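Engineer: Dropping the structure in here first, questions after.
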Amino acid sequence: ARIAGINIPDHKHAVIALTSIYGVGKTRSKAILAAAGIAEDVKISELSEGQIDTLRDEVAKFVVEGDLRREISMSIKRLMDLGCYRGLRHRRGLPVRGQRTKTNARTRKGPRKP
Amino acid sequence: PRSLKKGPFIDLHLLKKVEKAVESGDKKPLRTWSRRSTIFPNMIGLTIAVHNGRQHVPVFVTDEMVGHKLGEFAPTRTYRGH
Amino acid sequence: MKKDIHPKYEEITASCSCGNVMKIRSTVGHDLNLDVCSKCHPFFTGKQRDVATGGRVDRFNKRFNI
Amino acid sequence: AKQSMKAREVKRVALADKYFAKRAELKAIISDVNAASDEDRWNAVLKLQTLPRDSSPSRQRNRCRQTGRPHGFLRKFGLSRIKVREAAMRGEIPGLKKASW
Amino acid sequence: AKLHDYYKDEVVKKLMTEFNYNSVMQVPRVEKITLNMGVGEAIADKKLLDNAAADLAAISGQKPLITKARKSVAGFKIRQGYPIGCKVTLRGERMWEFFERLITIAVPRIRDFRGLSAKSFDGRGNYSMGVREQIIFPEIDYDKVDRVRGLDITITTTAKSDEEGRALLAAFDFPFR
RNA sequence: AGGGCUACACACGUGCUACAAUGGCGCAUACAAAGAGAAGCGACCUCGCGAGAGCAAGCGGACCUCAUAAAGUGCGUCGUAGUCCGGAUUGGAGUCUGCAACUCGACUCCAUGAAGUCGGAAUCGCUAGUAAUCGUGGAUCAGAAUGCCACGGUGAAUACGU
RNA sequence: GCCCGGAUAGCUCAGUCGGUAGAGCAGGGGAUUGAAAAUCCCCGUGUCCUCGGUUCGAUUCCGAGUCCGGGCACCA
RNA sequence: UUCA
Ligand SMILES: [Mg+2]
Ligand SMILES: [Mg+2]
Ligand SMILES: [Mg+2]
Ligand SMILES: [Mg+2]
Ligand SMILES: [Mg+2]
Ligand SMILES: [Zn+2]
């Protein structure tokens, strides 16, 4: 439960409760569980602290919660420091990955306040 | 991004101009056109005037502006907001 | 200095990108891993060329159409 | 009809098919495990970028033959939709006629 | 600061013999370094001063003196006796430590650095410049901070001439573009 | 030759995916059609999560290619929840083709994976294999549409009446 | 000087024995019409005149004022 | 209720 400083759920099959990490989707979830070597749909509650330790030294290979936090931080700050098209889209709150804007792209756009 | 097998791409005019640059002084920028060109080592340190479609606006090459293309720093539309 | 009015004033090392020990008696309070010292920095030398990092030009010359 | 663009098209196509098979053996250098990955397929892209852009199998437009209409081309007849319909209703086109099913 | 002893031996060992002086007292020397952020736009936001002076408290080692305007003007809407700017006077080993920090871990970290000026002098050897990418100093976390305010920083010298200013600066090698 | 026609405080019209248990995903396996193809389609076969790379037959064709149709069914898992729902949003690592993928592409891989809890006034379409859904292909095509055109699987509701 | 009345949205105003901001108007967006009207759907819009004490809790209770109005007032 |  406690692994990576986060508090993944109990009675939720491990192959999915592993994915609760900000830095591990299903890919790293399945990969770490295979590298450690435990059955698939076991609930996290049935996993001992030594199993948590194996998972700990295994996720110590992938990027983790705070690692990915600082990584995305440094990447966007890199785009900024460059001050490119991507960085300016970022800083001004617009789509970045090359989409249309006039009507759609509401996530990058914001709400309809004015 | 570009196919790795093809490696990078850069047009020979800017290539040779910036070679001359790294050779014999660089106090002046380059008035290129090829916005798509891959930033190379021998362009670092200059203040290249990259084309925006109408102007060749300056941008200083930094060790972080290496894995990029020239136009990435010359905006193409004068945005002002509403 | 007036007592109990200024930030902490411990001494710190020039924890540069290569670790050239040039101590700083500063306010940062931590051995901040910086880039700027005799070892590993540009204008700690002329005709600047940062030797070898992950950085950009390293991996660029690693792909490079090698 | 702005014949200048039709002449553009024929010029580009003729030049491309005259330089034909040259850019072929230039680009083939770029996809194969030879060339030391640093010298020959590297100078090949320089050769290519020096080659005319007006002589590529892609920079053309594929305009019609009747009046070089930009849009609505049809490779099967080299005409715009308009003129292929005209020829159909004239009977010019063998086998063509209004169909339903 | 090692830079002070660097002075005490090498800078005199250079300057006495260059300007063929007849006294060590006659040797030009630096006495104080005043850093300043004349914010001015803090007339609207009172908290910007505390936001601003925080950099002096960080970049310099001393809690800054917030400077109050001298005349209520019409051009900038300011009232007299108003928290307009901030300053820090650094002398002693504080000055020398800060100048070491500057010229070593912050100055070369300037981005796009063609170099300093070779003419920033009052006519009496007291050099004065100003930086704008202040985070070049490792003293700023530059990630929780608000803005990238610069400053203007003067180095008051006893050198009564600009040539002597250039010399005393190139002593610590002072990029000089 | 670059640029934009891809701008974006903003309105409106289309269409796609959703907001999920007739449902999310894994395993197993089967039932279609309509096509298209010669600088094109590309077999088989190895490798790369994978885009694809390589090798590269046959096919101007009821013969080779795209070729898994999907929706289906069996078993399983999820267990009514910003969910194991979504998938937009960004970050990084590629593949493709193009002289050239920044502005300004498709695809692939990793991680956050968001508003979204059936929608207001209103308003649209549909009378039978029709809508509703599910997938398939072709032209435009150097690449590149949820678009257009065409295809086939499931497959209903109510018509009293003006 | 006495008694009374009030201030509430961007305008017209409600209600208070304390559990809490409404409606009209209004503006903006939309819906309907062949087009706009009215209409309808929406959104916006409050530190309830001001300050201060009272009670688990205030526009509402109180105090202390800002104005404005009504009526009545001392003969330095 | 109106257009004009
Ligand atoms: Mg003191
Ligand atoms: Mg455009
Ligand atoms: Mg999902
Ligand atoms: Mg009918
Ligand atoms: Mg269309
Ligand atoms: Zn170093």
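Here the Cβ positions follow ideal geometry from the backbone for every residue, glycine too, while neighbour counts run over all protein chains shown. Readers should treat all values here as calculations from the given coordinates under stated rules, not as data from a laboratory.
Engineer: How many times 2.2 N^0.38 Å is the alpha carbon radius of gyration of chain C?
Structural biologist: 1.59
Engineer: While we're here: Tabulate in residue order the Karplus-calculated ³J(HN,Hα) for region E:152-164, using 6.51 cos²θ - 1.76 cosθ + 1.60 with θ = phi - 60°, rounded to whole Hz; enter x for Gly and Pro.
Structural biologist: Values per residue, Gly and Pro as x: 10, 10, 10, 10, 7, 10, 7, 5, 8, 8, 6, 4, 4 Hz.
Engineer: Name the residues whose placed amide hydrogens come within less than 5 Å of the amide hydrogen of B:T47, ignoring near sequence neighbours (fewer than 5 apart) on the same chain.
Structural biologist: HN-HN under 5 Å from B:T47: B:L30, B:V61.
Engineer: Assign one of three labels to region B:2-82, namely rounded, prolate or oblate, based on the Cα gyration tensor with a ≥ b ≥ c the square roots of its eigenvalues; rounded applies when a/c is under 1.5, prolate when it is not and a/b is larger than b/c, and oblate otherwise.
Structural biologist: Oblate is the answer for region B:2-82, as a/c is 1.5 or above yet b/c matches or exceeds a/b.
Engineer: I need the per residue convex hull volume for chain D, using only the alpha carbons, in cubic angstrom as a whole number.
Structural biologist: Expressed per residue, the convex hull around the Cα atoms of chain D is 152 Å³.
Engineer: Sticking with the crude label model, points 7 Å out along Cα→Cβ, report the distance from D:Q3 to A:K113 in nm, one decimal please.
Structural biologist: Each label point is offset 7 Å from its Cα along the Cβ direction, giving 6.2 nm.
Engineer: Along the charge dipole of region A:61-114, Cβ charges K/R +1 and D/E -1, which of A:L94, A:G66, A:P111 sits furthest on the positive end?
Structural biologist: The one lying farthest along the dipole's positive direction is A:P111.
Engineer: So if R0 is 22 Å, what FRET efficiency would E:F176 and E:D112 give, r being the distance between their Cβ atoms, rounded to the nearest 0.05?
Structural biologist: Plugging the Cβ-Cβ distance into 1/(1 + (r/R0)^6) gives 0.85.
Engineer: Once all Cα-Cα distances of region E:113-173 are split into 10 Å bins that start at 0, what whole-number percent is in each one?
Structural biologist: It works out to 21, 41, 26, 12, 1, in whole percents.
Engineer: With a point put 7 Å past each Cα toward its Cβ, work out how far C:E11 is from E:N22 in nm, to one decimal.
Structural biologist: Here the modelled spin labels are 4.1 nm apart.
Engineer: Quick check on region E:18-76: take the gyration tensor over C-alpha atoms, sort the square-rooted eigenvalues as a ≥ b ≥ c, and tell me if it's rounded (a/c under 1.5), prolate or oblate.
Structural biologist: Here region E:18-76 falls in the prolate category.
Engineer: Set the Förster distance to 41 Å, then compute FRET efficiency between D:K11 and B:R80 from the Cβ-Cβ distance, nearest 0.05.
Structural biologist: FRET efficiency, D:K11 to B:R80: 0.50.
Engineer: Another question, if that's okay. Grab the beta carbon distance between A:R106 and C:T53, set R0 = 35 Å, and tell me the FRET efficiency rounded to 0.05.
Structural biologist: About 0.30, to the nearest 0.05.
Engineer: Among the trypsin sites (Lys or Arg not before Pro) in region A:31-114, which ones are in a DSSP loop with at most 14 other Cβ atoms within 10 Å of the Cβ? Mind listing them?
Structural biologist: Those satisfying the criteria are A:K61, A:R97, A:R100, A:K102, A:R112.
Engineer: Oh, and also: What list of ³J(HN,Hα) couplings, whole Hz, do you get for region C:30-39 from phi and the Karplus terms 6.51, -1.76, 1.60, once you set θ to phi - 60° and write x for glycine and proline?
Structural biologist: Karplus-based 3J(HN,Hα) across region C:30-39 equals 9, 6, 5, 6, 9, 10, 10, 7, 3, 8 Hz.
Engineer: Counting only DSSP beta bridges with both residues in the protein assembly as shown, what percent are antiparallel, rounded to the nearest 5?
Structural biologist: Expressed as a percentage, antiparallel bridges in the protein assembly as shown total about 95.
Engineer: A further question follows. Output the direction-averaged projected area (hull surface divided by four) of the convex hull of the alpha-carbon atoms of chain A, in nm².
Structural biologist: Its Cα hull, projected and averaged over all orientations, spans 9.7 nm².
Engineer: Compute the distance from the alpha-carbon center of region A:63-114 to that of region B:14-34, in whole Å.
Structural biologist: Computed from Cα coordinates, the inter-centre distance equals 33 Å.
Engineer: Could you work out the helix-only [θ] at 222 nm for the protein assembly as shown, with each DSSP H run of four or more residues adding -39,500 (n - 2.57) and the total divided by the number of residues, to the nearest 500 deg cm²/dmol?
Structural biologist: It comes out at -9000 deg cm²/dmol, rounded to the nearest 500.
Engineer: Collect residues whose amide H, placed 1.01 Å from N in the peptide plane, falls under 5 Å from the amide H of C:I12; neighbours closer than 5 in sequence don't count.
Structural biologist: Here C:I24, C:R25, C:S26 satisfy the definition.
Engineer: Please identify the GluC sites (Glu not before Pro) of region D:1-87 that satisfy two criteria: DSSP loop assignment and at most 16 other Cβ atoms within 10 Å. Which are they?
Structural biologist: Sparse-neighbourhood loop GluC sites (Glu not before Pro): D:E39.
Engineer: Still on this model: Under 5 Å between amide H atoms, partner at least 5 residues away or on a different chain: which partners does E:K32 have, H built in plane at 1.01 Å?
Structural biologist: E:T156
Engineer: Ok, one more. If each Cα of the protein assembly as shown is one equal point scatterer, what is log10 of I(q)/I(0) from the Debye formula at q = 0.09, 0.12, 0.13 Å⁻¹?
Structural biologist: Each listed q maps to, in turn, -1.00, -1.34, -1.42.
Engineer: Which trypsin sites (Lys or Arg not before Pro) does chain C hold that lie in a coil by DSSP with at most 11 other beta carbons within 10 Å?
Structural biologist: C:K2, C:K3, C:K8, C:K47
Engineer: If you don't mind, another one. Ordered by residue, what ³J(HN,Hα) values in Hz, to whole numbers, does region C:48-59 give under the Karplus form 6.51 cos²θ - 1.76 cosθ + 1.60, where θ = phi - 60° and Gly and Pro are x?
Structural biologist: Rounded to whole hertz, the list is 4, 7, 4, 4, 7, 10, x, x, 10, 5, 4, 5.
Engineer: Further question on the same structure: If we count other beta carbons within 10 Å of each Cβ, what is the order of C:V57, A:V96, E:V148, fewest first?
Structural biologist: In increasing order of surrounding Cβ atoms, one gets E:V148, A:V96, C:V57.
Engineer: Separate question: Quick one: helix A:49-59 against the long Cα principal axis of chain A, what's the angle to the nearest 10°, folded into 0 to 90?
Structural biologist: 40
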